[PDB]
Amino acid sequence: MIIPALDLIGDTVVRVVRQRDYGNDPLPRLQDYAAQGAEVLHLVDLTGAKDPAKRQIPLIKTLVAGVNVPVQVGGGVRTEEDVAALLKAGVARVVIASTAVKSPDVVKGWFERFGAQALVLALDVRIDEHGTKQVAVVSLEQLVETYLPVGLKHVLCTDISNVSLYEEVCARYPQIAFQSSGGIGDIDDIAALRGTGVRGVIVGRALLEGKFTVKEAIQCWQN
Ligand code: NA
C-alpha cells in the first residue's frame, strides 16, 4: 500500500526534520489523496508531540470524519489515555513512539486492552559499524521479542542510517507488516521498495513537492 501522510503543526501542513509551510487545508488535501485511491492515510500531530496537553483532538476528529478510509495518527502518544482519546476521535490506528522502547510493560498493557490491530510501533533503526539493527531514542530483534507475546503486527520503520535492510527484516519477520517511512524522493524509490516484502509505504514530502501524484504512486507500487 501507498500511505499518504501529512505532518501537522496546529492547523498547518509542514515539512520537517520545521522546514517548509504548505498551507492550512489539510482536509481537501486528504480528500484528494483518497479520491486518487489511497486506502490508508497517516497524520502526525506535531503540536501534540511537543506537548500532549495540546493534543489537537478537535482537529483530528474533523480530519478523520472528512474521509471514509482508515487513518493512523502519531505524535506524542505516551500514555493509555492518549491512545483512548485518539481512538475516541475516530482514529483507526495509533502510532506509538519511543515509549514502546522505554516502557515495555506499560505498552504491553496497551496491546492487551486495545488489541494489536489498533496499534503501530514506530522505530527509528540505525545500522551501526558492526551491522546490528539497533533501535533509537536495544536491537530490532529484542523489541520484536518483547512484543510477539502480545500479538505485535504493525511496525513503522524509519531507517536513519536501503532496500536490503527491508528485504532481510521482512524475510525474518513474516508475521509483521512493515511500513517504510522516509527515503522517498521520486517514483523510482517507490519502485525500488516494491518487491522487498514491505507492506506499506509512507509518502509525505514527495507529494507536497509535486514529484508525483498519489494515482501515480499507486500505479507504480501496485504494478
Ligand atoms: Na495502494
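Heads up: numbering here begins at 1 and tracks the sequence. Numbering of ligands and ligand atoms starts at 1, following listing order. When reading the values below, keep in mind they use all heavy atoms of this one structure, side chains included, and skip hydrogens, waters and symmetry mates.
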Within a 6.0 Å radius of atom NZ on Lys102, are there more than 12 heavy atoms belonging to other residues, nucleotides or ligands?
yes
Indicate whether any N or O donor in one side chain lies under 3.5 Å from an N or O acceptor in the other, for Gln72 and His154. no
What lies under 3.0 Å from the Na ion (ligand 1), restricted to protein N/O/S atoms, is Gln222 NE2
Point to revise | Pair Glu168 + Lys133: basic N to acidic O under 4.0 Å | key: yes
Rounded to the nearest 0.5 angstrom, the CG-CD1 distance for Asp82 and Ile57 is 8.0 Å
Residues 14-70 vs ring pair (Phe, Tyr, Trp, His ring centres under 6.0 Å), sequence neighbours excluded, gives none
_Let me check something: do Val95 and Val203 share a hydrophobic cluster, defined by ILVMFWY side-chain heavy atoms less than 4.5 Å apart, either directly or through other members?_
no
